[PDB]
Amino acid sequence: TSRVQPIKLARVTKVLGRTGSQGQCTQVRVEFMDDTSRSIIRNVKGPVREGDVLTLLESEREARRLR
Amino acid sequence: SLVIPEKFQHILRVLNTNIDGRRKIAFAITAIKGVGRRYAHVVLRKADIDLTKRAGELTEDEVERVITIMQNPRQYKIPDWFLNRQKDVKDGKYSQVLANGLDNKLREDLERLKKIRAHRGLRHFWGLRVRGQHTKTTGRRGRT
Amino acid sequence: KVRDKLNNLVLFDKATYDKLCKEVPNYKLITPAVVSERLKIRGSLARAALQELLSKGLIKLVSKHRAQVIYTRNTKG
Amino acid sequence: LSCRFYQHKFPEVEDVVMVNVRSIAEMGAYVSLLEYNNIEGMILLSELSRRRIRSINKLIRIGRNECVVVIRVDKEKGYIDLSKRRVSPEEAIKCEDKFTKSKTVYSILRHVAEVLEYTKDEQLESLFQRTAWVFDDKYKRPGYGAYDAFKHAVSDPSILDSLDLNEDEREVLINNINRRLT
Amino acid sequence: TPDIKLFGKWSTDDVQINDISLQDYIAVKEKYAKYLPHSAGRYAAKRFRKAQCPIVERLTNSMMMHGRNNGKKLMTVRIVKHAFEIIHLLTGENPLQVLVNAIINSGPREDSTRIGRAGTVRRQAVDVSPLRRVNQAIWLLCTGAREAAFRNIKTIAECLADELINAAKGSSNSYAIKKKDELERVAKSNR
RNA sequence: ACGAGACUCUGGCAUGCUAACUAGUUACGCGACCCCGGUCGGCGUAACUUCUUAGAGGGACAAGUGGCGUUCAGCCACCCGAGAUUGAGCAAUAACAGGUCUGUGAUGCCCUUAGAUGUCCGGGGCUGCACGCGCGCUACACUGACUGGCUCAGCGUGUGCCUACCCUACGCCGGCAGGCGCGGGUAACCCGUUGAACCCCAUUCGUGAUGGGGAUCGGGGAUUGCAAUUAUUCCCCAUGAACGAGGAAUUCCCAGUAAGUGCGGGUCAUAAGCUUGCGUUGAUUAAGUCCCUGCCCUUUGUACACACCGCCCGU
């Protein structure tokens, strides 16, 4: 590692279907606040709403499927 | 008061047994075999000794009065239904036993049953339960 | 993984009394649990000492309950 | 009375340690580092073996010591991440020998401490600093610079009395080194 | 005169939330401010109606566990009030601010999911929903105080008191912070 | 056409309707205590259904609004609103070598019928213990134990045909388990305003197999019954064992729900650690999935059809 990634917080725009083996994960469409043009997909555990802002430890990965 | 008094006796040697002095006097005397929680309150109520003191600071005259209440409890107006050993088959007297009369009299009663050959004595000799309960599912620590 | 079986004193010796009288009114939160932990004494003995200090007037009452009581020091001003 | 073995409070990364396992949890497992004053550690479930396991207590064996390598440590917070998969088979004999020398040095110094009757944490750390850590820093080896020093000082009293700890305690330590290390 | 909803003797105003991700999930400010941490009910009926519950009421409801304590709401309420007494007399800080800053500091922000068959050890890194952040934070605070107050001379009114302030300053001498950062370490270890 | 739905019972509301000395409320008088005003489930009687009882009717239907949908069946959120998914009952064709001949004077065949497998009396047994398994109860404590005081319910049941055995206020005696003359109820009237438990408050205890835990065991006293011994049950004093939150594995549940806590009914001469109901306190998590264990429909494959727990090749 030897690198401190700055924490970025992102707000969802649309909730997708629930992924995972047991259906416990959820696909969401988050967007960044320092520049409101970028939209990526992340895997979340737990219930989420529309307009719910999430904290992200990293902002580089993309969402994988149930496997 | 709350400071430790002089000649504060720690270990109390009473009736050839070991008694702690750090416990409450209503509970430190309960370590003697034969006496329990309920009869301890009556003894310290007949004697003029309060229940708010530990056993480690009492002295010879009050513990001697308590030992007299131990050995002869009948004429200090302790009621007859409060005793553990009543209406004896040997002599018919009401008495309170303190571990020596208790142990040897329990032993003598068990050998009396084993000599008389009652089924209670045979069950005590075999090492089983006497009060008439189920042995099929319990008592698994009997023998290997 | 040391056991360290506690053997709390049933009454005060010499050093515990003045250690209490110099340090307990100089602490923020006083309860019989933290007095028994810091001064290695019994719980009821700490309650009796705190009742004595309350009767002396060097400790103010905050709240009383059948489970635990809350005590604090005097204002230094 | 107990303290750490070497002068370091927490070990560095890529360092081998022998650790005592205590309990097994869901995400990891609680252990105790016997040479670092039984501090809290963590071994990962996926790091226990490189292949598929059939039970947790195939490789748990609660109560028996094991060899691990420190992967990530946190000196300011007191957290050490341990690793079981990344160990060589040739390291076990050297780790066992190092732990043998460290444990016989700790036992000899504990015996000398209870002879000298010095029961305090800071005083015991001072006795370690005046007894073993000085020669460890002199020989620049964390563990290999001590047992050779007692082996030389069993025959060389001038080398034994180089540390200015005390006189009667130095004589008691020399007597213990002469009687035990033969 | 209802000038201010004083929480027994503490004021529900002038309390600062530092995180913006937990702004609409913690309700203590000016609308959901009660005199007691005990309300009526119909709060766990729909999906997100528990986000409108007061945070001290959620802590009181999660205080009771392990068989012999279920249903005893009055006893947990007086534990909460006594714990607020030690929190106010111990730091000089308002006790509602200590509750807010501990939950933010003890929230696990990244999680690992069990994936594969039964027995295989595979974890996939996901992030934690903000409601689940508060939920596991309250659960962690409650279980830390619960296992602190077990076979110990120290009462639960004091064991709960030391558990939040160690979570408020992030000293990591508390048990909630311990599971929080080992969970973050496990989620960081395999991503 | 059956099944689902439709239908019935119960809960959730209606200050509108009908009604109450076997249910009360509000006013009035008398009486009692205190400092001019408060309390009375104290006494008695002028209206009333606000509490209670239970009868008829009403009310919620995707009814409205904004979206999605072929703008069709329907779905989502919100407002007014006691409820915008309460719980149970009934429950189709086909078959099981499922259980019951020990529910029956329901029953075919077989056996037996006076030294009886019918019947009756007396005693014993179904409880007997190297051990294993299932359903349950109490705990491993200080969110606690003991001791005082404060304080709150709902389902129920009650003098029986041969059949004798009911529920109980009140007075005395006795520590208590209990005992005697006394009164009510064949029941919204009497137990009864069912002063229930958990909780609440105030002392004692202080991390100690301890004042936790009450197994085992000794002595004594009452009740039921013709009869208790292999202690029916209850009470009193002693006796104070294992047990320090439990391996592999596995059960139940998502709202007044789990769980804690007690009260009724069934067995009952004596009687609940079981079961069926009832009430109090009252949560954590989730509004999803087919990964595990299985179920429903379509397509495909089969050397199976007593149907994969099938069939089958060779030494």
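Per the deposited record, determination of this structure is attributed to cryo-EM, with the resolution reported as 3.6 Å.

Caption draft 1: A look at unusual backbone geometry. The phi dihedral of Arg 117 of chain B falls on the positive side, at around 60°, and the residue is not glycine. Position of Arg 117 of chain B relative to the elements: it lies in the loop between α4 (100-116) and α5 (119-126). The backbone phi angle of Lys 40 of chain C is positive, close to 45°, even though this residue is not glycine. Within the fold, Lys 40 of chain C resides in the loop between α2 (32-39) and α3 (43-56).

Caption draft 2: Representation of the UniProt feature "domain: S1 motif" in chain D. As annotated by UniProt and renumbered to match this structure, "domain: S1 motif" occupies residues 14-85 of chain D. The distance from the first to the last C-alpha atom of residues 14-85 of chain D is 13 Å, and the span holds 0% helix and 47% strand.

Caption draft 3: Region of the structure containing the interface of chain E and chain A. Across the contact, 23 residues belong to chain E and 25 residues belong to chain A. Secondary-structure elements contributing two or more residues to the side of chain E that touches chain A are β3 (110-114), β4 (123-128) and α4 (130-148) of chain E. The element best represented in the side of chain E that touches chain A is β4 of chain E, accounting for five residues. Of the residues that constitute the side of chain E that touches chain A, the class distribution is nine nonpolar, four polar and 10 charged. Examined bridge by bridge, strand β3 (residues 39-45) of chain A and β4 of chain E share two bridges and lie parallel to one another. Residue pairing in the sheet places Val 44 of chain A in a bridge with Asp 127 of chain E of β4 of chain E.

Caption draft 4: Inspection of the side chain of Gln 68 of chain C at higher detail. Relative to the helices and strands, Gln 68 of chain C is located in the loop between β2 (60-63) and β3 (70-72). Separated by 3.2 Å, the side chains of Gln 68 of chain C and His 82 of chain E make a polar contact. Aside from chain neighbours lying at most four places away, what touches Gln 68 of chain C is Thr 31 of chain C together with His 82, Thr 155 and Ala 157 of chain E.

Caption draft 5: Expanded view of the interface of chain C and chain E. Contacts between the two partners involve 13 residues from chain C, matched on the other side by 10 residues from chain E. Those elements that place two or more of their residues in the side of chain C that touches chain E are α2, β2 and β3 of chain C. With three residues, α2 of chain C is the largest single contributor of residues to the side of chain C that touches chain E. For the side of chain C that touches chain E, the class distribution of residues is five nonpolar, five polar and three charged.

Caption draft 6: Layout of the sheet that holds strand β5 (residues 79-83) of chain D. Residues and elements named next belong to chain D. Pairing within the closed barrel is mixed, and its five strands lie in the order β1-β2-β3-β5-β4. The mean angle between the axes of side-by-side strands here comes to 50°, regardless of whether they run parallel or antiparallel. Strand direction decides the pairing type here: strand β1 (residues 16-24) and strand β2 (residues 29-33), joined by four bridges, are antiparallel. Paired with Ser 23 across the strands is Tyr 30, a residue of β2.

Caption draft 7: Region of the structure containing the pattern of salt bridges. Residues and elements named next belong to chain A. Taking the shortest distance from any N to any O, the salt bridge between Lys 8 and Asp 34 comes out at 3.5 Å. With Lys 8 in strand β1 (residues 8-15) and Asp 34 in the loop between β2 (25-32) and β3, this pair connects stretches of sequence that are 26 residues apart. Overlapping salt bridges, with partners in common, bring together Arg 42, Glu 58 and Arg 61 in one network.

Caption draft 8: Local environment of the arrangement of the chains. Where five pairs of chains are in contact, the pair with the most contacts is made of chains A and E. There is a clear gap between chain A and chain B: no contact, and 44 Å between their nearest C-alpha atoms. At their nearest point, the C-alpha atoms of chain B and chain E are still 18 Å apart, with no contact between the two.

Caption draft 9: Geometry of the domain arrangement of chain B. Residue and element names in this part refer to chain B. Domain annotation of chain B identifies domain 1 (1-79) and domain 2 (80-144). Averaged C-alpha coordinates put domain 1 and domain 2 at centres separated by 29 Å. In this complex, domain 1 contributes 12 residues to the contact, which on the side of domain 2 involves 11 residues. Tallying contributions element by element places helix α2 (residues 37-46) first for the side of domain 1 that touches domain 2, with three residues. Of the residues in the side of domain 1 that touches domain 2, the class split is eight nonpolar, one polar and three charged.

Caption draft 10: Up close: the environment of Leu 20 of chain C. Tracing the sequence through the fold places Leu 20 of chain C in helix α1 (residues 14-23). Those residues within four positions of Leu 20 of chain C in sequence are excluded, and the remaining contacts are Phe 12, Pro 25, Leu 39, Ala 49 and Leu 53 of chain C.

Caption draft 11: Representation of the sheet that holds strand β1 (residues 29-30) of chain C within the structure. All names here are of chain C. Taken together, three strands build an open sheet; the order of strands is β1-β3-β2 and the sheet is antiparallel. Each edge of the open sheet is held by one strand with a lone partner, namely β1 and β2. Taken together, the two bridges between β1 and β3 define a ladder with antiparallel strand orientation. Bridge pairing in β3 places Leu 29 opposite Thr 72.

Caption draft 12: The arrangement of the environment of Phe 128 of chain D in detail. Assignment of secondary structure puts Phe 128 of chain D in helix α2 (residues 121-139). Residues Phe 128 of chain D and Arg 86 of chain D, 42 residues apart in the sequence, show an inter-C-alpha distance of 32 Å.

Caption draft 13: Structural detail: the domain arrangement of chain D. Residue and element names in this part refer to chain D. You can read the domains of chain D as domain 1 (1-87) and domain 2 (88-179). Relative placement of domain 1 and domain 2: their C-alpha centres are 26 Å apart. Contacts between the two partners involve 11 residues from domain 1, matched on the other side by 15 residues from domain 2. In the side of domain 1 that touches domain 2, the residues fall into seven nonpolar, two polar and two charged.

About the criteria used
Residues numbered from 1 in each chain as written, not as in the entry; some residues may be left out. Chains lettered and ligands numbered in written order. Part of a larger assembly, values for the part shown. Heavy atoms only, no water. Residues with missing side-chain atoms left out of burial classes, pairs and counts. Helix = DSSP H or I, 4+ residues; strand = E, 2+ residues; numbered from the N terminus. UniProt positions renumbered as here; feature names shortened; annotations may be inferred. Contact = heavy atoms within 4.5 Å. Nonpolar A, V, L, I, M, F, W, Y, C, P; charged D, E, K, R; others polar. Pairing = 2+ DSSP bridges. Polar contact = N/O pair within 3.5 Å; in protein donor to acceptor, adjacent residues only side chain to side chain. Axes fitted to C-alpha atoms, helices over the stretch in contact; angles between N-to-C directions. Salt bridge = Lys/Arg side-chain N within 4 Å of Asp/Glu carboxyl O. Domains from an automatic or database assignment.

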